[PDB]
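Notes follow the structure.
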Amino acid sequence: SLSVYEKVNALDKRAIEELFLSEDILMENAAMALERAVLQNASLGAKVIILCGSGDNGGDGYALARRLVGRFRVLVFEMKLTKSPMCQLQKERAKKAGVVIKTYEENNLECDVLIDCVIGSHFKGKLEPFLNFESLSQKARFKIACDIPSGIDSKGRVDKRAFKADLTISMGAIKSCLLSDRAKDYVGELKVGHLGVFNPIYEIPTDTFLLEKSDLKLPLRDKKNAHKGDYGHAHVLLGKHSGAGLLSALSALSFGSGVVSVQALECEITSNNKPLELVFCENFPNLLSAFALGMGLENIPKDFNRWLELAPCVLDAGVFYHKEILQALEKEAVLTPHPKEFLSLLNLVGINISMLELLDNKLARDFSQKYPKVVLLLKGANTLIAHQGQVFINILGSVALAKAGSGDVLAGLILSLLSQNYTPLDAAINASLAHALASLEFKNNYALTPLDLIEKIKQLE
């Protein structure tokens, strides 16, 4: 788990006021982080192009140029004249350090690695026409962005001609903006570049976290005096589109639930077909560990509210389009809404927004602070998991997950963990991670199917 910040202004400030670091040391370190990235993706001799803006971001670029002299063929393009003092100092240092700096003009940008150091975390509104990075980087093998790709604002919105990097070196710590769904296609790999001190020292409290593969806690059994009952009883409600619910049940069984039963609501499934491994019920069991509802569902069942007193649950897809999904907001529930499904949710609650919630997708956080007893898993290119004040973002999933059914397996996973007694938040976090990490196990990102995805889960490494 990595700490996430909307702005690191306070942290830089504190690095100087509390940690006694100087701006020179912060920048020199930033330059080292960049150097490490070049050495890791380019051989000793390659051509490296560095585009420098007018502020501290460009400063990083001139500092870097300086550090590469002698081990690489460096060309620095001064995209904007220097303004910031640190930037002017670093430019002078570069010239004196034998760096080739040329002033650019629209009228051979070919290189082994191009580095974007034009604009940092203070990008405002619009990128000028001569800043067409798409063009600037057409002849670049590897593209690296310094801190944040030029053209991305603090809210996660991306300028049309923003920079597209294979690797982004977030300085000091990760910014929220690098995790926006729309920004996925521009940031490439995210790596934190250290500023002179161990990161926990540089970091300060926050309520936003970027999950890592290491945060994953598979439901591996570790006691041996365990009995089937110790692993919970999961109950899945089959809607009109029985496949969904069913896929979910098979997922819950595959993920560790002691027993998994189903129940036909708006569908013709009985002891009829139904997989040999699933247990069928004619009615809701008074003794369960958790239940799932929403997948392939057309209408909330009568006895809903009864069930909300019987055990924890994961509410999915279809419930978000029904007033009754309101009685669940004060219960132990994991909500698994899509943007639309969520648009509908904020509304039954007195909140009408358009897909302008995409521009504020995460700060979700408010929704959770409003309903502290619930867990919100907002789906998207990047998944947002919100509980009370905290937000945990998952950016590991593969686009391979578009497929319908992909979501029913996720519900089964969260359901399984709830039946195995994980806390609602922990069940959403780990299910989201198992799911996704498992999506990476497909040769072709177009051949992902529900059943194949479950097998991958059965053997997640």
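So for the sequence shown, the working numbering puts the first residue at 1136; every next one is plus one. The beta-carbon is built from N, C-alpha and C at its ideal position, and this holds for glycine as well.
Using the beta-carbon count (16 or more within 10 Å), is residue i buried or exposed?
i: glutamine 1273; result: exposed
i: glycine 1485; result: exposed
i: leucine 1372; result: buried
i: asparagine 1440; result: exposed
i: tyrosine 1581; result: exposed
i: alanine 1535; result: buried
i: residue 1094; result: The structure shown does not extend to residue 1094, since the chain is modelled only from 1136 through 1596, so no value can be given for it.
i: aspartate 1451; result: buried
i: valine 1235; result: exposed
i: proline 1585; result: buried
i: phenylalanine 1268; result: buried
i: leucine 1470; result: buried
i: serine 1503; result: buried
i: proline 1447; result: buried
i: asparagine 1496; result: buried
i: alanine 1563; result: buried
i: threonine 1238; result: exposed
i: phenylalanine 1298; result: buried
i: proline 1335; result: exposed
i: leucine 1411; result: exposed
i: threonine 1343; result: buried
i: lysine 1591; result: buried
i: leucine 1174; result: exposed
i: residue 1124; result: Since the first and last residues shown for the chain are 1136 and 1596, residue 1124 lies out of range.
i: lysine 1593; result: exposed
i: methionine 1490; result: exposed
Say yes only if the C-beta of residue i is nearer than 7 Å to one or more non-hydrogen atoms of the ligand SAM, and no if none qualify.
i: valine 1327; result: As presented, the structure is devoid of all ligands, the ligand SAM included, so that no description of it is given.
For residue i, write down the residues that DSSP places opposite it in a beta bridge.
i: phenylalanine 1207; result: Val1204
i: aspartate 1195; result: Per DSSP, none; premise fails for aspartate 1195.
i: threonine 1471; result: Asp1451
i: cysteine 1416; result: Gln1398
i: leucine 1519; result: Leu1513, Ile1528
i: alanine 1275; result: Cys1246
i: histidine 1370; result: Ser1396, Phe1426
i: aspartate 1251; result: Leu1186, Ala1280
i: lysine 1310; result: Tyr1140
i: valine 1332; result: DSSP lists no partner for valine 1332.
i: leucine 1325; result: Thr1303
i: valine 1293; result: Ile1287
i: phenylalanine 1212; result: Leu1186, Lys1237
So residue i and residue j are in contact, right, with Cβ under 8 Å, and what is the actual spacing, rounded?
i: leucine 1583; j: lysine 1538; result: 5 Å
i: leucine 1330; j: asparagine 1164; result: 5 Å
i: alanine 1573; j: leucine 1588; result: 6 Å
i: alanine 1369; j: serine 1392; result: 4 Å
i: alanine 1516; j: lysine 1319; result: 5 Å
i: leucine 1483; j: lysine 1514; result: About 18 Å separates the two Cβ atoms, so there is no contact after all.
i: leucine 1137; j: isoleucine 1309; result: 5 Å
i: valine 1248; j: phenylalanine 1277; result: 4 Å
i: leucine 1199; j: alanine 1166; result: 5 Å
i: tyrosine 1140; j: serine 1311; result: 7 Å
i: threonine 1303; j: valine 1322; result: 4 Å
i: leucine 1346; j: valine 1544; result: No, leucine 1346 and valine 1544 are not in contact; Cβ-Cβ is about 19 Å, not under 8 Å.
i: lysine 1261; j: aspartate 1294; result: 6 Å
i: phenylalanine 1258; j: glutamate 1241; result: Not a contact, Cβ separation roughly 21 Å.
i: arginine 1171; j: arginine 1201; result: Going by Cβ atoms, the distance from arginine 1171 to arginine 1201 rounds to 15 Å, so no, they are not a contact pair.
Between which two residues does the alpha helix (DSSP H) carrying residue i extend?
i: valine 1544; result: 1541-1554
i: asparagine 1144; result: 1144-1152
i: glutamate 1227; result: 1220-1231
i: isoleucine 1592; result: 1585-1593
i: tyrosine 1140; result: Note, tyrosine 1140: premise wrong, no alpha helix (DSSP H); beta strand (DSSP E) at 1137-1140.
i: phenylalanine 1344; result: It is not in any alpha helix (DSSP H) - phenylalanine 1344 instead sits in the beta strand (DSSP E) that spans 1343-1345.
i: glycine 1378; result: 1377-1389
i: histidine 1570; result: 1559-1572
i: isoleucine 1160; result: 1158-1174
i: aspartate 1501; result: 1500-1505
i: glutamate 1444; result: 1439-1445
Please check if any C-beta of chain B sits within less than 8 Å of the C-beta of residue i.
i: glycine 1547; result: Of the chains in the structure shown, none is chain B; there is only one protein chain.
Under DSSP, the beta strand (DSSP E) around residue i begins and ends at which residues?
i: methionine 1306; result: 1302-1306
i: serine 1396; result: 1394-1399
i: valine 1235; result: 1235-1238
When the Cβ atoms of the segment 1273-1289 are set against those of the segment 1243-1255, are three or more pairs found closer than 8 Å? By the C-beta criterion, the segment 1273-1289 is judged to be in contact with the segment 1243-1255, since at least 3 inter-stretch pairs fall below 8 Å.
For the 8 Å Cβ check, are there 3 or more pairs between the segment 1346-1361 and the segment 1192-1199? Segments in contact, no.
Could you say if the segment 1395-1403 and the segment 1555-1570 meet the contact criterion of at least three C-beta pairs nearer than 8 Å? These segments do not touch.
Check whether the segment 1503-1512 touches the segment 1521-1540, counting contact only when three or more Cβ pairs, one atom from each stretch, lie closer than 8 Å. They touch, by the three-pair rule.
Answer yes if the segment 1205-1222 comes into contact with the segment 1173-1188, meaning at least three C-beta pairs across the two stretches below 8 Å, and no otherwise. Between the segment 1173-1188 and the segment 1205-1222 there are three or more C-beta pairs closer than 8 Å, enough to call the two in contact.
I want to know whether the segment 1378-1390 touches the segment 1455-1464 - three or more CB-CB distances under 8 Å. Segments in contact, no.
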